[PDB]
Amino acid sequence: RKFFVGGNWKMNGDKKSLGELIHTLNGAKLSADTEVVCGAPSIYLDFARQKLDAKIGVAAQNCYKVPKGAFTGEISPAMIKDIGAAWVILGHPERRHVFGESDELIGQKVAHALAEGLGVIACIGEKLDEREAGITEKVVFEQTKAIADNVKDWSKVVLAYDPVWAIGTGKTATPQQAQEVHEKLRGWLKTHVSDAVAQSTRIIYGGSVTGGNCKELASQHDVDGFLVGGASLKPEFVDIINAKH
């Protein structure tokens, strides 16, 4: 499993600051062993793909489930591909809780993006009241199944364990809590899909990952990378990419 690091710019940037950020990234010393993808605002996807080194992938932050049609405000996987992007982030928790995206919609988007040849970084994670109610497992397994039931080819899927309570709060999950969930997801994969899928699929961690935080998270056996929010907008992002060095 190749170490995977995804930066999610979320709703941040202009061409001037995304330009600086990109310049830095292109000049940096990035492990040859980490696979890097940056998730840019839709408005900036083409600029990002044009400016970023080809060795770095570009992902869309969201998409809809059909190729064209009367959906004012949406973009499809066909348009994403047209600009040169290779990934889409689906199921992010902000899409789930701020915008009401249901597991059923998310599963339809995954199957569509996959049909169109995009790679998918699919997000799952419980809320704190769920953690504390002792149902983490139930919740993540329910969200994972909705995704899995819509995946025919795992070669282009990256699972992202994103506990809602850790996203932008500073409350990173300890390495032990990340490791506990990733191990159980990998276990789920093995029993519901296959050993072969369990072993090759990357399961990345997201939620308040920092240059300071990463080494320790990264040494966990079932952690294959990170999905970085706030820190992907900073030079330490380069430190996260090289977390295994």
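Residue numbers here begin at 1 and follow the sequence given.
- 118 to 126 and 92 to 100 differ in mean CA B-factor, and the higher of the two is recorded for 92 to 100.
- Taking the PDB entry as given, 189 to 197 carries the higher mean Cα B factor of the two stretches 45 to 53 and 189 to 197.
- Remark: of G225, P235, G230, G13, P235 shows the highest value [criterion: C-alpha B-factor in the PDB entry].
- Across the residues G206, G211, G39, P67, the deposited record lists the maximum Cα B factor for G211.
- Split the chain's modelled residues into thirds by C-alpha temperature factor. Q220 is in the highest one.
- Annotation for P163: CA B-factor lies in the lowest third of the chain's modelled residues.
- Among the modelled residues of the chain, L105 sits in the lowest third by CA temperature factor in this PDB entry.
- Compared with the other modelled residues of the chain, the Cα B-factor recorded for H182 ranks in the lowest third.
- Per the deposited record, the Cα B-factor of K81 falls in the middle third when ranked against the other modelled residues of its chain.
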